[PDB]
Amino acid sequence: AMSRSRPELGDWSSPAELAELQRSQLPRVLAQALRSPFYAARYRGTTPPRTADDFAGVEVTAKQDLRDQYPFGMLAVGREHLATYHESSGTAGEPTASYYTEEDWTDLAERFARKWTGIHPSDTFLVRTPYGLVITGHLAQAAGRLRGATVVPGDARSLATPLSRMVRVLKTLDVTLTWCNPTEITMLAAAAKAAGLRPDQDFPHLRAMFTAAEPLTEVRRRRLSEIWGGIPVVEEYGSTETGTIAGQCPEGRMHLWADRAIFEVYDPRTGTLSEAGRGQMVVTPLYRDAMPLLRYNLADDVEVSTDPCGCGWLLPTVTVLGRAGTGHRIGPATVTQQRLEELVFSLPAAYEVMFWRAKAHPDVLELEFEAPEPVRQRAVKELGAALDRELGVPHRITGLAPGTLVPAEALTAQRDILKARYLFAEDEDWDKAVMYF
Amino acid sequence: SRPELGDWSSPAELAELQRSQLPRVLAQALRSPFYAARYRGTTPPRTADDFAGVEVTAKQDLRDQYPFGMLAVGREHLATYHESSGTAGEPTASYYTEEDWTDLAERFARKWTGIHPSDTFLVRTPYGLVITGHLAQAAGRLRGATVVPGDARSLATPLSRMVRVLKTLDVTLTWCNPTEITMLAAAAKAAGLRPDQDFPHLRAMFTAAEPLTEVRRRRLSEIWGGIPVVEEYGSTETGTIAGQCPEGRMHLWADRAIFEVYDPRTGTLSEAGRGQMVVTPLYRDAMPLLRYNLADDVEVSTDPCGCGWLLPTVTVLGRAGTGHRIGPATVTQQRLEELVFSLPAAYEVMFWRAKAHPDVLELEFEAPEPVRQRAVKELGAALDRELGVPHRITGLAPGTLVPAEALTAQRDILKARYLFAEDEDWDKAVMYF
Ligand SMILES: Nc1ncnc2c1ncn2[C@@H]1O[C@H](COP(=O)(O)OP(=O)(O)NP(=O)(O)O)[C@@H](O)[C@H]1O
Ligand SMILES: Nc1ncnc2c1ncn2[C@@H]1O[C@H](COP(=O)(O)OP(=O)(O)NP(=O)(O)O)[C@@H](O)[C@H]1O
Ligand SMILES: Nc1c(O)cccc1C(=O)O
Ligand SMILES: Nc1c(O)cccc1C(=O)O
Ligand SMILES: [Mg+2]
Ligand SMILES: [Mg+2]
Ligand SMILES: [Mg+2]
Ligand SMILES: [Mg+2]
Ligand SMILES: [Zn+2]
Ligand SMILES: [Zn+2]
């Protein structure tokens, strides 16, 4: 290929050709991995892996290995070559570090930008994930810049950008693309309604919503689409340590970006690695210098299939069920978030049920949800019938007043972006002197 | 393309570098709805000489033109969109092409201490609509420094986590406002780390976004072991318009913008003196500004500096310069700040606040036991000696103005969860931040 050194969708015409694209990179990848303290330590007294054939024998890298190596045990280049440093979501007490060169970032930005809806200079792209240490906001911004879209840095979890300000931006800037988790898609819808705007009609320029970071059932995804006027909700799957490892096709399935990484399914019982099936997601990225990973186990429970899709992409599909869990068992029946989510989001759209939570007791499933008063009793009865029909678990279902789970102030409150002030006039509130956020 | 420090050898040469750009700048400004409307049915300004007659652009004009009244290019050419800090009710939009961003990043990167690939740069200003975080990150990337995106006002990045990062990543440079420099020092002590000794790799602290006296700046330096605190002056609408030299004065980046001092009364514009900061950026396409009044109270001087940079210096009073009549006398935040930060460093007085009553100055500050009573008496003597205003000074326990929880609280970065085990807290289901 003229003028580019990493593969694109179309560079292989068969799974045999895809496999050759991968194995060709393994000598470079294996040489780079040995340059890091962690892999140099791992292969100390022995002969290390050097060839594509040697890769079959390579030991898995666990999350706990990355935490033990905090901060730069996994670093394979001089620190002068790093562009950005990031840490994972989850526990603050046991951080996981990731870091990337400028060239590593081109691979990251390309993988995010594989959005079947496209990202164009004509787009105004609201980035509504965090920029605080996590990679998510930086990744969407970098892909927006790569493709020439106007980036509106919404951030998320920032006091500067409450939902009321994000609704105003969505409408007044004619935003065409959003990036945020699926719960944030419903929070934005609720904040729109609280501002007197219909998500299904009053945002005519909004053409797609990019999402990730949560297990997302097709039933919930299609409801999120319907709330926002039937526009595409385009899912990806990623981690701080790997970048984007799978993206949605127009048929609504996520495909693994296998041209940019070797993907394997790990069976905890047998300790075997397969190219498809049910088990834990293992990733060997092929196009990074700073933080080489050999068979890094994300420990996400996944279903990988090589079975063809209506989209015709020559890549396996992946479903992400969730993380390692004991499964929540209520008698002979096993309840998953995924199964309850399907039942909750199968309620008629007219009931406006978006916010809910459940607790597994040994004897009973406790479930609460917000619904407007008129439809609340119908919703409780219909969701009870669904649990009886699909799970047969004992349940205590409670319908709640709006503003109970998601407070009205989260949806409507505006916050001035203040700065430190030390001297105040008599009539001014000096409570904002030093704690001004 | 764009000038560098050293491309001019005299003020006459600097002025020619500026005037050479004005035809292009005046032509670009007329492409925006605002300036096309302003000069409708007239012949517009076209030449460097015509610029002397150009009408000032007020903040209120930018708010009236929200969102894209100031836009001079197709939206396809914009790279990023930003809004100012301050009032949420009346937003001020700014926006930049990729090429506009190279000018922004260059001006921020004019840090006399340098920004190098050997640096680990903690960016501790917001990324939420405001430009501040994005600007420091862009300059870090331009100069090859490892950027650690701390963000600010984010629930993901509390002070306790930022102190842990400062220490464990051997951070060499920080970017945050001056109050945040003291908040990080207080959080460091709460984490068991001495700011003046336990961060040996920290070599400079970059700061902006509030009026900063040299007495306070020198104290912030001393708290962090005597390392340079390097000030700049900027806005969302202009980018960085002035930076500190090694002598500790801010110099205007006049090669990249025409700087004028505005007298509100007469409406007259001078190249130096006391008045409101007016800026014409020279190297932007998306959002041209002709004599944009920041309405910041400034003192501009053409007096030569020991640093040898051929650029005028600027002091920013802003709001900190506006007098409150109390006793017989007029007190400014700037003057009180000098007295508060003239207390001995060993008293650890960093957090304070005052209220101007018609009759008396009410002032509170934190000081640990057992220096609190010395501090109250000494600050009272200083106010008597320097201002002679009546005062009620109260010393407070640490944790009173800046709560211990702000300094020590750790926060897991949770995601939405819908199904919980019996023993788990399900209050984090949908409100997980
Ligand atoms: N589309 C998706 N579907 C399901 N889960 C997803 C999806 N996208 C991301 N995730 C989850 O988010 C994780 C990546 O988040 P990241 O912040 O890197 O780490 P963390 O797992 O939250 N923290 P830690 O366990 O300490 O490593 C993935 O491993 C998945 O568990
Ligand atoms: N070093 C500094 N010293 C003093 N003030 C500063 C300094 N750096 C920035 N500022 C102030 O911060 C302002 C830039 O903040 P910005 O968010 O662009 O606008 P704002 O003035 O807060 N909002 P608005 O009044 O609506 O335009 C400058 O105009 C100054 O008032
Ligand atoms: N969800 C993610 C993604 O899609 C790409 C990169 C990182 C993440 C994440 O959750 O951290
Ligand atoms: N203070 C600032 C700076 O120095 C550069 C750019 C923006 C700002 C700001 O505070 O708005
Ligand atoms: Mg570096
Ligand atoms: Mg692998
Ligand atoms: Mg654009
Ligand atoms: Mg402003
Ligand atoms: Zn498909
Ligand atoms: Zn100087």
# chains A, B, ... in the order shown; residues from 1 in each chain; ligands from 1
>>> select_by_dssp(residues="range 245-335 of chain B", states="strand (DSSP E or B)", output="PyMOL selection string")
chain B and resi 250-252+257-262+269-270+273-281+292-301+313-316+324-325+330-331
>>> write_last_selection(atoms="N, CA, C and O atoms", output="short mmCIF file (atom, residue, chain, number, x, y, z; two decimals), in the first residue's frame")
data_model
loop_
_atom_site.label_atom_id
_atom_site.label_comp_id
_atom_site.auth_asym_id
_atom_site.auth_seq_id
_atom_site.Cartn_x
_atom_site.Cartn_y
_atom_site.Cartn_z
N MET B 250 6.05 39.48 33.46
CA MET B 250 5.34 38.97 32.26
C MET B 250 5.56 39.94 31.10
O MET B 250 5.30 41.14 31.28
N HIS B 251 6.01 39.42 29.96
CA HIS B 251 6.20 40.18 28.70
C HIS B 251 5.06 39.83 27.73
O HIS B 251 4.70 38.64 27.63
N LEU B 252 4.51 40.84 27.05
CA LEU B 252 3.44 40.65 26.04
C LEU B 252 4.03 39.97 24.79
O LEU B 252 5.13 40.39 24.34
N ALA B 257 0.39 39.43 18.33
CA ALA B 257 -0.82 40.25 18.57
C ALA B 257 -0.44 41.71 18.84
O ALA B 257 0.65 41.95 19.38
N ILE B 258 -1.31 42.64 18.45
CA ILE B 258 -1.16 44.08 18.76
C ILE B 258 -1.88 44.33 20.08
O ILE B 258 -3.07 43.98 20.18
N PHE B 259 -1.14 44.88 21.05
CA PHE B 259 -1.57 45.17 22.44
C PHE B 259 -1.71 46.67 22.64
O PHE B 259 -0.78 47.43 22.29
N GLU B 260 -2.86 47.08 23.17
CA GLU B 260 -3.21 48.50 23.41
C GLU B 260 -3.90 48.61 24.78
O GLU B 260 -4.55 47.64 25.21
N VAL B 261 -3.73 49.75 25.45
CA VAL B 261 -4.33 50.06 26.77
C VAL B 261 -5.46 51.06 26.54
O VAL B 261 -5.20 52.10 25.91
N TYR B 262 -6.66 50.72 26.98
CA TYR B 262 -7.93 51.44 26.72
C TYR B 262 -8.32 52.21 27.98
O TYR B 262 -8.34 51.61 29.07
N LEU B 269 -6.93 54.83 23.04
CA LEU B 269 -6.04 53.64 23.03
C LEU B 269 -4.58 54.10 22.98
O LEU B 269 -4.24 54.83 22.04
N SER B 270 -3.77 53.67 23.95
CA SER B 270 -2.31 53.93 24.01
C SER B 270 -1.54 52.61 23.95
O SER B 270 -2.13 51.54 24.27
N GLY B 273 0.84 52.13 29.52
CA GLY B 273 0.19 52.82 30.65
C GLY B 273 -0.83 51.94 31.36
O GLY B 273 -0.79 50.71 31.19
N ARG B 274 -1.73 52.58 32.13
CA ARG B 274 -2.77 51.95 32.97
C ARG B 274 -4.10 52.02 32.22
O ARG B 274 -4.37 53.06 31.60
N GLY B 275 -4.89 50.95 32.25
CA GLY B 275 -6.19 50.88 31.55
C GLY B 275 -6.57 49.45 31.26
O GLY B 275 -6.00 48.55 31.90
N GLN B 276 -7.51 49.25 30.34
CA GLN B 276 -8.09 47.91 30.02
C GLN B 276 -7.32 47.29 28.84
O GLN B 276 -7.04 48.01 27.87
N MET B 277 -6.98 46.01 28.96
CA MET B 277 -6.17 45.24 27.97
C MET B 277 -6.98 45.05 26.68
O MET B 277 -8.05 44.45 26.75
N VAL B 278 -6.48 45.59 25.56
CA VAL B 278 -7.09 45.42 24.21
C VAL B 278 -6.11 44.62 23.35
O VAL B 278 -4.89 44.92 23.38
N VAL B 279 -6.62 43.63 22.61
CA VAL B 279 -5.80 42.63 21.88
C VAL B 279 -6.34 42.47 20.46
O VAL B 279 -7.56 42.21 20.31
N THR B 280 -5.47 42.57 19.46
CA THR B 280 -5.75 42.13 18.07
C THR B 280 -4.81 40.97 17.73
O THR B 280 -3.64 41.19 17.44
N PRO B 281 -5.29 39.71 17.80
CA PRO B 281 -4.48 38.56 17.38
C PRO B 281 -4.16 38.64 15.88
O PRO B 281 -5.02 39.07 15.13
N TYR B 292 -10.13 43.66 20.61
CA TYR B 292 -10.99 42.97 21.61
C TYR B 292 -10.55 43.41 23.01
O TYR B 292 -9.38 43.17 23.41
N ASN B 293 -11.47 44.05 23.73
CA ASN B 293 -11.26 44.54 25.11
C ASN B 293 -11.56 43.40 26.10
O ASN B 293 -12.75 43.09 26.33
N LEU B 294 -10.50 42.80 26.68
CA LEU B 294 -10.59 41.79 27.77
C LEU B 294 -11.25 42.41 29.01
O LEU B 294 -11.72 41.64 29.86
N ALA B 295 -11.21 43.74 29.11
CA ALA B 295 -11.73 44.53 30.25
C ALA B 295 -10.96 44.17 31.53
O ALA B 295 -11.48 44.46 32.61
N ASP B 296 -9.77 43.59 31.41
CA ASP B 296 -8.82 43.39 32.54
C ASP B 296 -8.07 44.70 32.76
O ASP B 296 -7.56 45.28 31.78
N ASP B 297 -8.00 45.14 34.02
CA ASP B 297 -7.22 46.33 34.46
C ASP B 297 -5.74 45.94 34.44
O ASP B 297 -5.37 45.00 35.16
N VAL B 298 -4.93 46.62 33.63
CA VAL B 298 -3.50 46.25 33.41
C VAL B 298 -2.64 47.51 33.45
O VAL B 298 -3.15 48.59 33.13
N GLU B 299 -1.36 47.32 33.78
CA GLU B 299 -0.28 48.32 33.64
C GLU B 299 0.74 47.78 32.63
O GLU B 299 1.41 46.82 32.96
N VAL B 300 0.85 48.40 31.45
CA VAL B 300 1.83 48.04 30.38
C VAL B 300 2.99 49.04 30.43
O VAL B 300 2.72 50.25 30.43
N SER B 301 4.23 48.55 30.45
CA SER B 301 5.47 49.36 30.47
C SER B 301 6.39 48.92 29.32
O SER B 301 6.58 47.70 29.12
N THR B 313 6.44 44.80 29.23
CA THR B 313 6.01 43.99 30.40
C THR B 313 4.56 44.37 30.73
O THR B 313 4.12 45.44 30.29
N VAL B 314 3.85 43.51 31.47
CA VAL B 314 2.44 43.78 31.87
C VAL B 314 2.23 43.24 33.28
O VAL B 314 2.72 42.13 33.58
N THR B 315 1.55 44.02 34.11
CA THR B 315 0.97 43.61 35.42
C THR B 315 -0.55 43.55 35.24
O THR B 315 -1.11 44.49 34.65
N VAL B 316 -1.18 42.48 35.72
CA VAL B 316 -2.65 42.27 35.63
C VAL B 316 -3.24 42.47 37.03
O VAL B 316 -3.09 41.57 37.87
N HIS B 324 -12.08 48.96 47.60
CA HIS B 324 -13.22 49.03 48.55
C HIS B 324 -12.86 50.07 49.62
O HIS B 324 -11.84 49.87 50.32
N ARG B 325 -13.63 51.15 49.71
CA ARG B 325 -13.53 52.13 50.84
C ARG B 325 -14.02 51.41 52.10
O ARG B 325 -15.15 50.89 52.07
N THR B 330 -8.66 52.92 51.25
CA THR B 330 -9.08 52.04 50.13
C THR B 330 -8.22 50.77 50.15
O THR B 330 -7.00 50.90 50.02
N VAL B 331 -8.83 49.59 50.32
CA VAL B 331 -8.11 48.28 50.31
C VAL B 331 -8.43 47.56 48.99
O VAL B 331 -9.59 47.61 48.55
#
>>> closest_atom_pairs(of="chain B", to="chain A", cutoff="7 Å", atoms="only C-alpha atoms", output="Markdown table")
| residue | atom | partner | partner_atom | distance |
| --- | --- | --- | --- | --- |
| B:76 | CA | A:121 | CA | 4.7 |
| B:78 | CA | A:150 | CA | 5.4 |
| B:79 | CA | A:150 | CA | 4.9 |
| B:80 | CA | A:151 | CA | 4.7 |
| B:81 | CA | A:152 | CA | 5.2 |
| B:82 | CA | A:152 | CA | 6.9 |
| B:85 | CA | A:417 | CA | 4.9 |
| B:86 | CA | A:417 | CA | 4.9 |
| B:87 | CA | A:416 | CA | 4.9 |
| B:88 | CA | A:416 | CA | 4.9 |
| B:117 | CA | A:80 | CA | 4.7 |
| B:118 | CA | A:80 | CA | 5.1 |
| B:127 | CA | A:155 | CA | 6.4 |
| B:128 | CA | A:155 | CA | 4.9 |
| B:129 | CA | A:153 | CA | 5.3 |
| B:141 | CA | A:83 | CA | 6.3 |
| B:144 | CA | A:83 | CA | 6.5 |
| B:145 | CA | A:83 | CA | 6.6 |
| B:146 | CA | A:83 | CA | 4.8 |
| B:147 | CA | A:84 | CA | 4.7 |
| B:148 | CA | A:85 | CA | 5.2 |
| B:149 | CA | A:133 | CA | 5.2 |
| B:150 | CA | A:132 | CA | 5.2 |
| B:151 | CA | A:132 | CA | 4.9 |
| B:153 | CA | A:158 | CA | 5.4 |
| B:154 | CA | A:158 | CA | 4.1 |
| B:155 | CA | A:157 | CA | 5.5 |
| B:156 | CA | A:132 | CA | 5.7 |
| B:157 | CA | A:132 | CA | 5.8 |
| B:179 | CA | A:420 | CA | 6.8 |
| B:333 | CA | A:423 | CA | 5.3 |
| B:351 | CA | A:434 | CA | 6.9 |
| B:352 | CA | A:422 | CA | 6.7 |
| B:353 | CA | A:422 | CA | 4.6 |
| B:354 | CA | A:423 | CA | 4.7 |
| B:355 | CA | A:424 | CA | 4.7 |
| B:356 | CA | A:425 | CA | 5.0 |
| B:357 | CA | A:426 | CA | 5.2 |
| B:402 | CA | A:435 | CA | 6.8 |
| B:410 | CA | A:92 | CA | 6.6 |
| B:411 | CA | A:92 | CA | 6.3 |
| B:412 | CA | A:91 | CA | 4.8 |
| B:413 | CA | A:89 | CA | 4.9 |
| B:414 | CA | A:90 | CA | 5.7 |
| B:416 | CA | A:183 | CA | 6.7 |
| B:418 | CA | A:357 | CA | 4.6 |
| B:419 | CA | A:358 | CA | 4.7 |
| B:420 | CA | A:359 | CA | 4.6 |
| B:421 | CA | A:360 | CA | 5.2 |
| B:422 | CA | A:361 | CA | 5.4 |
| B:429 | CA | A:357 | CA | 6.1 |
| B:430 | CA | A:355 | CA | 6.8 |
| B:431 | CA | A:406 | CA | 6.8 |
| B:433 | CA | A:157 | CA | 6.1 |
>>> residues_around(residues="range 44-51 of chain A", least_positions_apart="6", cutoff="10 Å", atoms="only C-alpha atoms", output="list in words")
residues 23, 24, 25, 26, 27, 28, 29, 30, 31, 33, 34, 38, 57 and 58 of chain A
>>> residues_near_ligand(ligand="ligand 6", cutoff="8 Å", atoms="only C-alpha atoms and all ligand atoms", output="JSON, numbers by chain")
{"A": [261, 262, 263, 264, 282, 283, 284, 285, 294, 295, 296]}
>>> closest_residue(among="B:207, B:235, B:113, B:174", to="ligand 4", atoms="only C-alpha atoms and all ligand atoms")
B:235
>>> closest_atom_pairs(of="chain B", to="ligand 8", cutoff="10 Å", atoms="only C-alpha atoms and all ligand atoms", output="JSON lines")
{"residue": "B:59", "atom": "CA", "partner": "ligand 8", "partner_atom_place_in_ligand_line": "1 (Mg)", "distance": 7.5}
{"residue": "B:62", "atom": "CA", "partner": "ligand 8", "partner_atom_place_in_ligand_line": "1 (Mg)", "distance": 9.4}
{"residue": "B:63", "atom": "CA", "partner": "ligand 8", "partner_atom_place_in_ligand_line": "1 (Mg)", "distance": 9.9}
{"residue": "B:83", "atom": "CA", "partner": "ligand 8", "partner_atom_place_in_ligand_line": "1 (Mg)", "distance": 7.9}
{"residue": "B:84", "atom": "CA", "partner": "ligand 8", "partner_atom_place_in_ligand_line": "1 (Mg)", "distance": 4.7}
{"residue": "B:85", "atom": "CA", "partner": "ligand 8", "partner_atom_place_in_ligand_line": "1 (Mg)", "distance": 6.4}
{"residue": "B:86", "atom": "CA", "partner": "ligand 8", "partner_atom_place_in_ligand_line": "1 (Mg)", "distance": 7.6}
{"residue": "B:87", "atom": "CA", "partner": "ligand 8", "partner_atom_place_in_ligand_line": "1 (Mg)", "distance": 9.8}
{"residue": "B:91", "atom": "CA", "partner": "ligand 8", "partner_atom_place_in_ligand_line": "1 (Mg)", "distance": 9.2}
{"residue": "B:92", "atom": "CA", "partner": "ligand 8", "partner_atom_place_in_ligand_line": "1 (Mg)", "distance": 6.7}
{"residue": "B:93", "atom": "CA", "partner": "ligand 8", "partner_atom_place_in_ligand_line": "1 (Mg)", "distance": 8.8}
{"residue": "B:94", "atom": "CA", "partner": "ligand 8", "partner_atom_place_in_ligand_line": "1 (Mg)", "distance": 9.0}
{"residue": "B:130", "atom": "CA", "partner": "ligand 8", "partner_atom_place_in_ligand_line": "1 (Mg)", "distance": 9.6}
{"residue": "B:234", "atom": "CA", "partner": "ligand 8", "partner_atom_place_in_ligand_line": "1 (Mg)", "distance": 9.1}
{"residue": "B:235", "atom": "CA", "partner": "ligand 8", "partner_atom_place_in_ligand_line": "1 (Mg)", "distance": 5.5}
{"residue": "B:236", "atom": "CA", "partner": "ligand 8", "partner_atom_place_in_ligand_line": "1 (Mg)", "distance": 5.6}
{"residue": "B:237", "atom": "CA", "partner": "ligand 8", "partner_atom_place_in_ligand_line": "1 (Mg)", "distance": 6.1}
{"residue": "B:238", "atom": "CA", "partner": "ligand 8", "partner_atom_place_in_ligand_line": "1 (Mg)", "distance": 8.7}
{"residue": "B:294", "atom": "CA", "partner": "ligand 8", "partner_atom_place_in_ligand_line": "1 (Mg)", "distance": 7.2}
{"residue": "B:295", "atom": "CA", "partner": "ligand 8", "partner_atom_place_in_ligand_line": "1 (Mg)", "distance": 9.6}
